[PDB]
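Here's the letter readout for the chains.
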Amino acid sequence: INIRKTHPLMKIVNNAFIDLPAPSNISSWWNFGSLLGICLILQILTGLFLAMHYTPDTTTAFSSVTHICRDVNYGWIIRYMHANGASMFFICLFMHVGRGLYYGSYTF
Amino acid sequence: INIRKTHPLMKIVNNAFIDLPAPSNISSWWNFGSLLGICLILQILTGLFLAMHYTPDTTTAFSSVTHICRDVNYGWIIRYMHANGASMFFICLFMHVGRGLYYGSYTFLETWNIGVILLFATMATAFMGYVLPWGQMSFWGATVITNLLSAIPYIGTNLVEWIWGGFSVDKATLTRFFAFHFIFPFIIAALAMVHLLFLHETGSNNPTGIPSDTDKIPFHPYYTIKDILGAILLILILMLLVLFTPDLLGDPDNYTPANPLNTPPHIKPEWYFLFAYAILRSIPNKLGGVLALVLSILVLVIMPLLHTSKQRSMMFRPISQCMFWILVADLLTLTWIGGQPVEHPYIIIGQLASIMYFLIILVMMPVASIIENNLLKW
Amino acid sequence: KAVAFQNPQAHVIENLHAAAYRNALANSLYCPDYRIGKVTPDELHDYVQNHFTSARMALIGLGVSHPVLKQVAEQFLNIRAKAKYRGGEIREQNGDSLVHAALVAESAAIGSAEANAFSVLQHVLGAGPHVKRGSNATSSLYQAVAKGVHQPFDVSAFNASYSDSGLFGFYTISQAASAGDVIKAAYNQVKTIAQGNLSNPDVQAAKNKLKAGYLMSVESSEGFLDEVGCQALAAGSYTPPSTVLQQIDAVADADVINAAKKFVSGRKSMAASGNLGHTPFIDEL
Amino acid sequence: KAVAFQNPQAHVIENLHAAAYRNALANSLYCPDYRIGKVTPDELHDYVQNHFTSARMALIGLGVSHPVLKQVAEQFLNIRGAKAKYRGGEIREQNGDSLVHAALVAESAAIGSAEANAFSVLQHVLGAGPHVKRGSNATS
Amino acid sequence: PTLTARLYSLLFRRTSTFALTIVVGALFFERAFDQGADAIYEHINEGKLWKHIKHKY
Amino acid sequence: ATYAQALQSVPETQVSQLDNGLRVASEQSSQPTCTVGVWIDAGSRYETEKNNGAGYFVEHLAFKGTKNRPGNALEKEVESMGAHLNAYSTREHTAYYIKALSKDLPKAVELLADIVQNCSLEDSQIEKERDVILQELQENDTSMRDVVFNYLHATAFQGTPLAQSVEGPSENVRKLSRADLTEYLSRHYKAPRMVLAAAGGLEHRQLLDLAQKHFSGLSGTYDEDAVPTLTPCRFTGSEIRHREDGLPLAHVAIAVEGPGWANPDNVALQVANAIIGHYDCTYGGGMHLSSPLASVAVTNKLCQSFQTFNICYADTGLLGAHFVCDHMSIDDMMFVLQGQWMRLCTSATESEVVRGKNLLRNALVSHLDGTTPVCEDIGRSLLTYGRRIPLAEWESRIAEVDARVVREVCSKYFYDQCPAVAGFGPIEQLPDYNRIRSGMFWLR
Amino acid sequence: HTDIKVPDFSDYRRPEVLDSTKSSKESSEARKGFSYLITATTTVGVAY
Amino acid sequence: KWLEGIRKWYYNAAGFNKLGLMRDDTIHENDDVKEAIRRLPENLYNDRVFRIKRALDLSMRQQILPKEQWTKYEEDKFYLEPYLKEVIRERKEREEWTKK
Ligand code: HEM
Ligand code: HEM
Ligand code: HEM
């Protein structure tokens, strides 16, 4: 019949992402799960590129970060994207905890 | 009723480690799943300590590794655990593959394909880690395999100046390989979970190849103590290797610093990649060599599409059994020829060993299989 | 079996046939409740062996030619129990608040002036109604019980005819606490028709209704196929429908009154199902 | 009901008392097939209120004293159908269990009288349950 | 309203046609949008960029 | 053999017209049984807001006497000639037929004229019919298939009078009087729109002359205002779901855009619904049927039954699929149903089209078997098409339909249209409507 | 169940549909083209 | 012919007469073989699962049967082959009906 209900990975993908019974009156505060997840994959990806251009040595660590920001193509956009994505990550995290405390989700 | 059969974590642990129905027949060759798992988490832990004491730059990498093996407490045993654990990891990986190919467990399709993707991932990870110590052999291994990626026309040279991090093996190459070696085993762990998921979907095998639906025994506490026994045997082999002869497998030519001018005479991999290097230099053609290597591991992809027999195992087929042992001796011959210089008898029998490898797999398995299908009146 | 017996009528007719005969006609078209899953195929093989022989086979072809069918029957078909009457009842407390009651005496076998008299008698007493959503101003039993009881109900005659015996009676669909009045009123009406109080134009209307029923059972080729095959299998000669109508209107109401007397004076049998707190047993009838 | 009618004897005796009376003795010990689930507490209140009266009750004590029972039933109770006709008939069951059970039963007597005592004498003349285990029943 | 009927009938009935449509639109829109934003950023300063003063130098 | 020559010897429909615009239609064959009926274009579509429940009510009052023969003498004489009298009425047409013997024709036609043009109205009769029709409303509530088709028309033709039910609602029936029925009969059962159709053992000059004696003088003098003329009704496309979890099975119907009557797209869609068509849970040979939906539904025990079918109304209709399935297999059944529609519309092979043509030939010949369904076809054909189209023309239109034109027409009508979905029962596992519309077209 | 008619959404309908006397076929093409036009332009921007 | 001598030596040295198995206890199971196993009489099916359970037991202990209980080539009661041929013929007939 359906690959989406018989394949062993796609059973998990179907039961978590498509055929999930969700309530019908979500307001915008129920976005912050996806916002924290997409911030997480963005921070991991930009961080992995930063970790490809970084040298952890206390003589040349700050010079390596300056080398990232000045000399590498768009490395300044990746560095500022990582830092400001961390700040937006904690913004979305405190919105998430505020939702979870205010709407009484702490009975779980 | 019970804690275990209702809780959402312990249902996963119950269908993995406690009440998984496993067959009552599997020999010691079905221990290398758990041995690869324990080697993988041991690599992750000991490598994490090495990465806490390591500075990835082409000026100070070799100096920092020497600082680990002299000045930091027990850095020498943790570094030797990491290197010889890579060696024992590929021993148990090739024994795992040899089991899965000999006992007809390649009739599974999706588990086998995710297996081959795991083989690609572990080989690329171990090569990047072998580049990391920044010795002479690591420098020239990185150079030659990156030019092997440059062998392909219309894609190659731009791709290779792209992953060079410049125009040669510069600082950026060492940092790139540090980052990818330092991330790829987590992807290997996730695909190992996917591998194990498709296995627990289908169900395991046994040395007869007969489906064992009548005689499943639970995993705990029979195979758990069997895998503890296998783990103790593996740790004693690994630890005797790191405490008595740590140099018996490693390269002597690593320990010089990276001079980009010398090019030593006896250039070679670490011993697990000899047959990949032996198929390469036994074909006098660039694209032919790299394509024949990729076609070797794609032949391992091909192997489920040639199961034209009607038993499952090779326990009951003696002709294919003898041909499989010819295949094993031929792969060990390729490893030995790769671990040698290149002269006239070595050239001839390297070419003959690669030819006989492809002839055994792509021709001799179905011919032995069709003599089996003819001979027992089927 | 579940899909077939979701109706009540199948239950009541099968309990009727299971109650009237002590013998081979008591068996049902459908499998019983406990024989499901517990029948070997060897019984099917032995049944096909000692019943599917060429002494018992009528082969009918509509639209096709004769000699092709003859040559096929030559090239392929070369391959070669006095039902006693019991009396009594089957009563089944079911609980749908619609009492179904079938009251049946033994009548006659097929192929007789007596059998045609019973067919005329079921057309006197009323069949499946003609004018749809009508009032049935001609069927005698409905007139008698609508004179009696002011409820929704239905009364229908019932003439099953087989090659050895036959079952004549009627069939009542009534409410819960109204069943006995309907059955007794219908029984009184059948008794006063068996008395002899049946005029001439009612019997002429019954002859016209039987002529209409027989000639309208052969509109479609399904029913015509079944008619030709069953009659050729009965004796071995298809008698045309015009002389069948001749044998229908040959009879007179003396045979009709004799048939009704033979109904009333015989030993009754019944099958009832539903909410049966008021259905009279035998002696109250 | 399932555990009760895994014995054939119960189903034979219930068809027996259904086939020999048109009336109040033809009520089963057990609830039938279709009434399971469709009996409500309204009928429970009705049946309790008009079949549990203070004249239809015998309080019997074994090991207790009479004045204690007199106190109990004097303090704490304080609350306040149709005869069965013979019918005659038969009920058969096609069950295929390779043991034909058959009860042949006629109307004999009401309780209390020497007529019923004479029928008890008659059943012990004819034959009862086996007095000797694994015996031959040569008195029956 | 008729101008969208043939648009639906030619570029949205299929799926592969829809994909080819958005790919060709992506390339054409990339070119036109880069030229437009370059014109906007030149217009918004007109006296400060390296380009015009370097061809004056 | 000689199937073309077998279709040339199919008898011909004699069509003629009386001076009131009456359409008389005799089919003379060689049987001793005849069927005579009146077909009228007067249904539950022409009604007003408060005329709802008029065709049903007049059908239930047409058999209860008249001003010529009182009370029940009509029933008495029809059973005195042994005829079966029947009537029906849908949203589009209304018929009264009589199944009788051949030599009992002219008195039957006289009674038929007294059915049509003299249906008087009695007040005890109108109380009786009000009571009986309320009983029939409450008992047709408990059926399921009629509830599903009424819900389907109600959610498919919103506002437009095609969504008026044939029974009408409860409150437009429990207050009707003689005035509404009087204007109903004065406006709808007119003479230039009714068809006398008679098939069986009767000639044409005989029937024509009897109609000239009796039907001539009926009507044709239509009154001054409100002449009935249709409006092209709007197929909205929506869903209605009656969630009622105290039921064993679930009923789902889904239908798309209307083919109509005159266009040969009707023929192409009947080929497509001969390909998919029907299944019931009580067939033999479950695992091996030709319909792939039947193959999957027996292989995985999805549904009890379905019929994928057509309904055509005047210049509109529904291309439909009704399936009856248990409350744990609704999503999968819906998925395979849309999979079969799109397998027709994307990659239709030749063999299935040939199978559909043969099954539709046998369906048409089996439906035109016996005089009463063939006279039924003649009545509905002289109303809808304006002529009974003969079987040689049906064979030409079938044989001139091949696989390419089938996938063209089916991609015109199935592919990416807005459905009407009616659901009744335990249908919480039915997919939401946007997943249904997303399943109408598959991107691959 | 006969009294189950819709409460109509004549406030919510697009102006090509709103007449209860016109057909609903010829006002379908432009409507689907408009919605799929919006989806196509969004897909172009995201791919860019 | 000597090829029968090859077949007898091969059935001796093949290793599945050692564990008390007959010819059709070692068949690999795709969908067709699963169908042919489901199409069996009851006594042969119970004898089959018993021989299979003894084979898994004897390979668990890695002990091979005494001389007096090896299955012999002269009494080779191969039984699963007719049902398996019928499955293959009906499957190929269905495949050809789909192809044309
Ligand atoms: C595993 C993935 C990650 C890697 C490889 C990574 C790598 C790095 C590296 C190399 C730096 C130093 C570069 C720099 O600061 O200019 C850095 C900085 C930083 N990272 Fe990450 N990071 C990862 C994930 C995260 C996550 C999940 C967060 C939290 C949201 C985070 C928050 C930060 C912050 C706040 C800084 C300091 C930025 C600054 O002030 O310049 N990182 N990361
Ligand atoms: C990344 C390294 C790998 C790990 C950690 C790994 C892990 C495992 C584990 C834990 C099992 C279950 C235990 C067992 O059956 O032995 C397993 C089974 C299996 N693996 Fe892998 N595997 C790896 C690589 C491979 C490769 C390269 C292949 C070959 C393509 C492969 C093929 C199989 C097969 C066929 C089985 C089933 C064996 C059986 O049921 O008897 N695996 N693997
Ligand atoms: C994510 C987990 C891992 C980490 C954190 C890690 C970390 C490191 C570090 C820091 C080094 C440099 C130290 C040295 O060269 O001796 C290294 C080298 C190496 N790693 Fe890994 N590693 C990991 C996984 C693996 C795996 C899975 C393998 C393959 C089995 C592997 C094989 C090697 C090899 C062969 C070397 C070179 C050793 C030498 O020549 O001394 N590593 N790894």
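Parameters and conventions
Residues numbered from 1 in each chain as written, not as in the entry; some residues may be left out. Chains lettered and ligands numbered in written order. Part of a larger assembly, values for the part shown. Heavy atoms only, no water. Helix = DSSP H or I, 4+ residues; strand = E, 2+ residues; numbered from the N terminus. Rg over C-alpha atoms; globule rule 2.2 N^0.38 Å. Buried < 20%, exposed > 50% of the residue type's maximum accessible area, 1.4 Å probe, protein only. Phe/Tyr/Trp six-rings, centres within 6.5 Å; stacked < 30°, edge-to-face > 60°. Pairing = 2+ DSSP bridges. Donors = N, O, S within 2.8 Å, 3.2 Å for Na, K, Ca; no water. Tetrahedral: all angles 85-135°; square planar, octahedral: opposite > 155°, others 65-115°. Contact = heavy atoms within 4.5 Å. Salt bridge = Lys/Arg side-chain N within 4 Å of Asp/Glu carboxyl O. Polar contact = N/O pair within 3.5 Å; in protein donor to acceptor, adjacent residues only side chain to side chain. Nonpolar A, V, L, I, M, F, W, Y, C, P; charged D, E, K, R; others polar. Near = heavy atom within 4 Å. Axes fitted to C-alpha atoms, helices over the stretch in contact; angles between N-to-C directions. Parallel < 35°, antiparallel > 145°, perpendicular 65-115°, else oblique. Buried area = accessible area lost by both parts, 1.4 Å probe. Left-handed = near helix turned anticlockwise from the far one by under 90°. Expected span 1.5 Å × (residues − 1).

**Student:** Looking at this structure, how should I read the overall build of chain E?
**Tutor:** Helices and strands together make up the secondary structure of chain E, namely three helices and zero strands. Going from N to C terminus, chain E has its helices and strands arranged as α-α-α. In terms of C-alpha radius of gyration, chain E reaches 19 Å, well past the compact-globule figure of 10 Å for 57 residues. Along the first, second and third principal axes, the C-alpha set of chain E runs to 55 × 25 × 10 Å. Looking at chain E as a whole, 12% of its 57 residues are labelled buried.

**Student:** Is there a simple way to think about the packing of aromatic side chains in this case?
**Tutor:** Aromatic ring pairs are described here by two measures, namely the spacing of the ring centres and the angle between the planes. All names here are of chain B. Applying the stated rule across the entire model yields 52 aromatic pairs over all chains. Ring geometry for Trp134 and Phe139: centres 5.5 Å apart, planes at 90°, overall edge-to-face. Summarising the burial analysis for this pair, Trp134 and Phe139 share the class buried. Taken together, the aromatic side chains of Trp30, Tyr102, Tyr103, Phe324 and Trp325 make up a single cluster linked through ring pairs.

**Student:** Looking at this structure, I do not really get the pairing of strand β5 (residues 94–101) of chain F. What am I missing?
**Tutor:** Residue and element names in this part refer to chain F. With eight of its eight residues buried, β5 lies for the most part within the structure. Judged from the eight bridges that link them, strand β3 (residues 33–40) and β5 form a sheet pairing that is antiparallel. Each bridged residue has a counterpart across the sheet, and for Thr33 the counterpart in β5 is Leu101. Summarising the sheet, strand β4 (residues 84–89) and β5 pair through six bridges and their orientation is antiparallel. Of the residues in β5, the one forming a bridge with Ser89 is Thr94.

**Student:** Got a minute to help me understand the coordination of the iron atom of ligand 2 in this structure?
**Tutor:** Ideal values differ by geometry: the angle at a metal is 109.5 degrees with four tetrahedral donors, but 90 or 180 degrees with six octahedral donors. Residues and elements named next belong to chain B. Distances from the iron atom of ligand 2 to its protein donors, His96 (NE2) and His195 (NE2), fall within 2.0 to 2.1 Å. Its six donor atoms give the iron atom of ligand 2 angles of 73 to 174° at the centre, a pattern that matches the octahedral case. Residue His96 is found in helix α4 (residues 75–102), and its partner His195 is found in helix α8 (residues 171–202); the two are separated by 99 residues along the sequence.

**Student:** In this structure, what is going on with the environment of D:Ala106? I would like to understand it.
**Tutor:** Residues and elements named next belong to chain D. Structurally, the position occupied by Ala106 is in the loop between α3 (66–75) and α4 (114–126). Given the relative accessible area of 63%, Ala106 is considered exposed. Through-space distance from the C-alpha of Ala106 to that of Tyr86 is 9.4 Å; in sequence the pair is 20 residues apart.

**Student:** Is there a simple way to explain the interface of chain D and chain C in this structure?
**Tutor:** How big an interface is tends to be stated in terms of accessible area lost as the parts join. In this assembly, eight residues from chain D lie in contact with nine residues from chain C. For the pair chain D and chain C, the number of links is two salt bridges. A salt bridge links D:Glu90 to C:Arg86; its shortest N-O distance comes to 2.5 Å. One can count four residue pairs in polar contact joining chain D with chain C. Taken together, the residues of the side of chain D that touches chain C sort by class into one nonpolar, four polar and three charged.

**Student:** Teacher, can you tell me more about the site of ligand 2 here?
**Tutor:** Residues and elements named next belong to chain B. Close to ligand 2 lie 19 residues, the nearest being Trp30, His96, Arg99, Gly115 and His195. Within the side chain of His195, a nitrogen or oxygen atom sits 2.5 Å from a nitrogen atom of ligand 2. At the level of secondary structure, the elements contributing two or more residues to the shell around ligand 2 comprise α2 (32–52), α4, α5 (110–131) and α8. Looking at which element gives the most residues to the shell around ligand 2, the answer is α5, with six residues. Residues belonging to the shell around ligand 2 are distributed by class as follows: 10 nonpolar, eight polar and one charged.

**Student:** Whenever I open this one, the sheet that holds strand β3 (residues 154–161) of chain C confuses me. Can you help?
**Tutor:** Pairing between the strands of a sheet comes from backbone hydrogen bonds, and it takes one of two forms, parallel or antiparallel. All names here are of chain C. Strand order in the open sheet formed by five strands is β1-β5-β2-β4-β3, and the pairing between neighbours is mixed. Both edges of this open sheet fall to β1 (88–93) and β3, since each of them pairs with a single strand only. With strand direction ignored, the average angle separating the axes of adjacent strands in the sheet is 10°. Here strand β2 (residues 99–106) runs beside strand β5 (residues 269–274); their pairing, made up of five bridges, is antiparallel. In the strand pairing of β5, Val104 is matched with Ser269. Packed on one face of the sheet, helix α4 (residues 113–125) meets β3 and β4 (166–174) and runs near 170° to β3.

**Student:** Help me understand the coordination of the iron atom of ligand 1, please; the structure alone is not making it clear to me.
**Tutor:** If you check the protein contacts of the iron atom of ligand 1, you find one donor only, A:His82 (NE2), at 2.0 Å. Among the structural elements, A:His82 can be located in helix α4 (residues 75–102).

**Student:** Can you walk me through the packing of helix α3 (residues 61–70) of chain B against α4(B) in this structure?
**Tutor:** The axes of two packed helices give the description: the angle between them and the distance between them. Residue and element names in this part refer to chain B. Where α3 contacts α4, the two axes come as close as 6 Å, and the packing angle between them is 115°. Taken together, the axis directions place α3 and α4 in an arrangement best described as roughly perpendicular. Contact residues: α3 offers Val65, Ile68 and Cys69, while α4 offers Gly75, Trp76 and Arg79. In terms of residue class, the contact of α3 with α4 is made up of four nonpolar, one polar and one charged.

**Student:** Explain the side chain of F:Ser44 to me, please; I cannot follow it from the model alone.
**Tutor:** Here F:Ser44 shows up in the loop between β3 and α2 (55–61). Among the polar contacts made by the side chain of F:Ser44, one reaches the main-chain carbonyl oxygen of F:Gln164 at a distance of 3.5 Å.

**Student:** What should I look at first to understand the interface of chain B and chain H in this one?
**Tutor:** The interface of chain B with chain H comprises 24 residues on the first partner and 24 residues on the second. The contact between chain B and chain H buries some 2,400 Å² in all, and 62% of this surface belongs to carbon and sulfur atoms. It is B:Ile210, B:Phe316 and B:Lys377 that lose the most area in chain B upon contact with chain H, and together they represent 25% of the buried surface on that side. At the boundary of chain B with chain H, the tally comes to one salt bridge. Across the contact surface, chain B and chain H share seven residue pairs in polar contact. Considering every element that reaches the side of chain B that touches chain H, the biggest residue donor is helix α13 (residues 344–375) of chain B, with three residues. Residues that form the side of chain B that touches chain H fall into these classes: eight nonpolar, 10 polar and six charged.

**Student:** How do you make sense of the site of ligand 1 when you look at a structure like this?
**Tutor:** All names here are of chain A. Taken together, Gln43, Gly47, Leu48, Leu50, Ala51, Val65, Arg79, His82, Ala83, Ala86 and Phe89 make up all the residues around ligand 1. Note that an oxygen atom of ligand 1 is positioned 3.3 Å from one of the side-chain N or O atoms of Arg79. One nitrogen or oxygen atom from the side chain of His82 is found 2.5 Å from a nitrogen atom belonging to ligand 1. Elements that contribute at least two residues to the shell around ligand 1 include exactly α2 (32–52) and α4.

**Student:** I tried to follow the packing of α4(B) against α5(B) on my own but got confused; where do I start?
**Tutor:** All names here are of chain B. One can describe the packing of α4 onto α5 by two numbers: an axis separation of 12 Å at closest approach and a directional angle of 160°. Classified by the angle their axes make, α4 and α5 are roughly antiparallel. The chirality of how α4 crosses α5 is left-handed. Packed against α4, whose contacting residues are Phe89, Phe90, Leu93, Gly100 and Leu101, the element α5 presents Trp112, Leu119, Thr122, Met123 and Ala126 at the interface. Residues belonging to the contact of α4 with α5 are distributed by class as follows: eight nonpolar, two polar and no charged.

**Student:** What is the right way to read the sheet that holds strand β8 (residues 249–256) of chain F from this model?
**Tutor:** Residues and elements named next belong to chain F. Sheet architecture is open: six strands sit in the order β7-β12-β8-β11-β10-β9, paired in mixed fashion. Across the chains shown, the open sheet's two edge strands, defined by having one partner strand only, are β7 (239–243) and β9 (277–279). Sheet twist, expressed as the average angle between the axes of neighbouring strands with direction ignored, equals 15°. When strand β10 (residues 303–313) meets strand β11 (residues 316–326), the two strands line up antiparallel, connected through 10 bridges. In the strand pairing of β11, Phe306 is matched with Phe323. With respect to the sheet, helix α11 (residues 330–347) is in contact with β8, β10 and β11, its orientation differing from that of β11 by roughly 140°.

**Student:** Would you mind showing me how to read helix α8 (residues 221–234) of chain C here?
**Tutor:** Note: α-helices contain 3.6 residues per turn, so residues at a spacing of three or four share the same orientation. Residue and element names in this part refer to chain C. In a regular helix each residue adds 1.5 Å, so 14 residues correspond to 20 Å; α8 covers 19 Å between its end C-alpha atoms and thus fits that length. Taken together, the buried residues of α8 touch α7 (200–216). Positioned one or two residues after α8, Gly236 has a phi angle of 125°, which is positive.

**Student:** Help me understand the pairing of β8(F) in this model?
**Tutor:** Note on strand geometry: in a regular strand, side chains alternate between the two faces of the sheet. Residues and elements named next belong to chain F. In terms of burial, β8 is largely enclosed, as seven of its eight residues are buried. The pairing of β8 with β11 spans eight bridges and is antiparallel. Following the sheet pairing, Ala255 is matched in β11 by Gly320. As defined by bridge partners, β8 adjoins strand β12 (residues 420–425) across five bridges and the pair is classed as antiparallel. Among the inter-strand pairings, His251 is bridged to a residue of β12, identified as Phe424.

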